[PDB]
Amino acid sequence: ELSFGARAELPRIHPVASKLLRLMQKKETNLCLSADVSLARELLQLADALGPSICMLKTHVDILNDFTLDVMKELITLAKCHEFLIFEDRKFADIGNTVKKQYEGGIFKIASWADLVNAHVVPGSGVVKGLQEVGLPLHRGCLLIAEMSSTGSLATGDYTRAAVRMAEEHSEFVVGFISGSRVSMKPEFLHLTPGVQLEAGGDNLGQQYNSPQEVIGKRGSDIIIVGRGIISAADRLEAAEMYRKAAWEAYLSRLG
């Protein structure tokens, strides 16, 4: 196993993955904050406060009651200052011709500010081909959803293998996976894992949790994505630090 810093230098590494891996090593963080909030001011307050603790800020911009592109311009300022990537968790899942427009255009212009986006592989590889027509000129990366954390997820078995093959065949744009475990043995690919909290449990709508030690240490993922585990805490700074320390120490131990 190679350190994040060494993986940042791999010959076939995507530039977006390399940037992320370098800041992960620099800041000792493999925590992605899931900034699931309804107001621009809350998104920016949390990004600023927790910026030092995170390698990545994951957005759902379609849940912002007061989105404007100015909010995203300000988010990019915070990203540059604190050194984290912005990942819009849009889960593109349409035919290639459609996702191209949903990525570049409309009100959100996602490709104009998101370093990373993700996509479901269910439509076939056209979903990647469409996104990459916009993504490649704008120097962006994409994560493919190989597994889901939720109860009854169909992203298993042959479906997961399909996601890996699609990633391999689109490595100029696809930088890795959303998954519950390592799904590829190629160290150029990133693994990001949501459904993470320190304590066992779930929510009332299908979410299931595993701990940072299980996910990073035993399951070989790179980055934990944490929402309510941090946001619902009384002290979000302390919470972000506990998750960062948990995921980082789990990564160090796996590294030996």
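Don't overthink the numbering: it's just position in the shown sequence, from 1. For the two forms, the rigid core is made up of the largest set of C-alpha atoms that agree within 1.5 Å on superposition.
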### Higher C-alpha RMS shift from the shown form in 5 other deposited structures of this protein - 78-86 or 91-99, rigid core fit
91-99
### Between the two ranges 76-84 and 171-179, the one averaging a larger CA B factor in the entry
76-84
### Query
Which wins on mean Cα temperature factor, 92-100 or 154-162?
154-162
### Highest-ranked of 43, 223, 61, 33 once sorted by CA temperature factor in the record
43
### Query
Going by the entry, which of 204, 29, 210, 193 has the most elevated CA B factor?
204
### Message
How does the C-alpha B factor of residue 137 compare with the rest of the chain: lowest, middle or highest third?
### Response
highest
### Summary
residue 187: CA B-factor among chain residues, third -> highest
## Note on the structure
residue 236: CA temperature factor from the record, placed by chain third, in the middle
### Message
Considering every modelled residue of the chain and its Cα B-factor in the PDB entry, is residue 227 in the lowest, middle or highest third?
### Response
lowest
#### Entry: Third assignment of residue 17 from its chain's C-alpha B-factors
middle
